[PDB]
Amino acid sequence: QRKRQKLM
Amino acid sequence: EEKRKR
Amino acid sequence: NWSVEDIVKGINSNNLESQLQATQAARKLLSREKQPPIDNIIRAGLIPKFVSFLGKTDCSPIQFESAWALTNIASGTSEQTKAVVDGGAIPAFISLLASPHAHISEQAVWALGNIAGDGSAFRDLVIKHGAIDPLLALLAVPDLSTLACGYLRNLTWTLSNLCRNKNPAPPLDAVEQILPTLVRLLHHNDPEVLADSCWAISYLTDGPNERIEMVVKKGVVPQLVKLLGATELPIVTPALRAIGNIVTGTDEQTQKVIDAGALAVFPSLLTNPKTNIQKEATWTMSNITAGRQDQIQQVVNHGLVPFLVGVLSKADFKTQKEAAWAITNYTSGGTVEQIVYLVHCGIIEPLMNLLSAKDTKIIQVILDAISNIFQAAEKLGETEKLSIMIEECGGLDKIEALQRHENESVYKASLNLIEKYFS
């Protein structure tokens, strides 16, 4: 929840 | 009777 | 589907279009979610090049690709996020906030969110680099509905990460700067903007009563209670955490929650099928029963005492432990009449059943509350009735077993109870 990777 | 904080 | 070796060749070509294509290939690798080669990109030395591409305002595509790629590196472990920060990425992303292209500045918002989301130090380092002014300036519209939906969601989430974490809490003077925008997002009709604002508010209300008062004088308590009654669990959870945080403060801060109608929602929350909701709602009740006697009367008036009896009877053990705390705070601060009503609701039998639990602290809390009730029974002269009452539901059996086990405080309180009312 702290971090978010952006996906396709 | 004391308030508990997280 | 490039290799890292090929990406390095493209990056070091000193050909801008080749670098753009290799960076896009790197972004595609870093954006697959089953094991992206973050450490491989870092070990290749690509991060300083990616940061330098952030400032190529002539080529906005390579800005977007580098921002996306650096965002996903910063999404990983603290070591990988540190690698992004060590490459000078923070001031570059803050400059990108002013990009005329919405998707680029949106990606700078995301990246900064990932960096501040690592912990106290990086959050404070992002603030010290001046990210708050341009972040809030992106939201300087009269009506938030005119902003793109995903754009707004990304800003709210990044702002919630700037309000997150303790040791140390965020600088008060930056919380003051953020709060008005945060209240605005808290009234915005989007379930995920709502959830993230509630998280931010819950973070800010965790700690000293001075910070609680700082959120409370902005008027957010009525909105928090409104959102407490939402059907969306991702909204109720942070909303209830914020309400629970506020009632840990002064009696006046607690009264503001009660005055907003929060108690009317608690029959729902105390029987909620989600365990952490029940546990949070019961912990909140424990801190409300630790207030003034008129506030304990509000709990009685809303009919919550039967619900506290039910949580103490059948619930998750963690929830039951918070129920034991709620009863001890109740019996410690209540009137004799309120205690009499509490016993009449049938608190004794569920209280006695937890005296066999394998937890030292809960036995302390329970045995303490038994002392409390007995002390009220002495002001009615009816200690014999309570003696036979604890008799009739296997209570003395437990207390005379607890009379002799390891912990010092339990058996000291156990012998006391036995000599004083059972002889």
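Basis for what follows: all heavy atoms, side chains included, without hydrogens, waters or symmetry-related copies. Within every chain, numbering begins at 1; the chains are lettered A, B, ... in the order of the sequence lines, protein sequences first and strands thereafter.
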Counting only heavy atoms from other residues, nucleotides and ligands, does the tally under 6.0 Å from NZ of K82(C) exceed 12? no

Let me confirm one number: the [atom1]-[atom2] distance from [X] to [Y], rounded to the nearest 0.5 Å.
| X | Y | atom1 | atom2 | result |
| --- | --- | --- | --- | --- |
| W157(C) | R2(A) | CH2 | CZ | 11.5 Å |
| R4(A) | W110(C) | CZ | CH2 | 4.0 Å |
| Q5(A) | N72(C) | CD | CG | 5.0 Å |

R27(C) vs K6(A), side chain to side chain contact (heavy atoms under 4.5 Å, CB included): CA-CA, chis, key distance, verdict: CA-CA 10 Å; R27(C) 177 264 287 177; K6(A) 184 183 205 229; over 6 Å; no

Can you say whether [X] sits under 4.5 Å from chain A via the side chain, the backbone, both, or neither, judging by heavy atoms?
| X | value |
| --- | --- |
| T158(C) | neither |
| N114(C) | both |
| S160(C) | neither |
| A116(C) | neither |

List for me each residue that meets side-chain contact (heavy atoms from CB on, under 4.5 Å) alongside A169(C), sequence neighbours excluded, and say none if there are none. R211(C)

Which pairs, with at least one residue in residues 111-124 of chain C and sequence neighbours excluded, count as a salt bridge (charged side-chain N to carboxylate O under 4.0 Å, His left out)? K3(A)-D118(C)

Among residues 86-98 of chain C, which ones touch chain A with a heavy-atom distance under 4.5 Å? none

Using heavy atoms and a sub-4.5 Å threshold, report which of residues 29-37 of chain C line up against chain A, by residue number. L30(C), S31(C), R32(C), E33(C), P36(C)

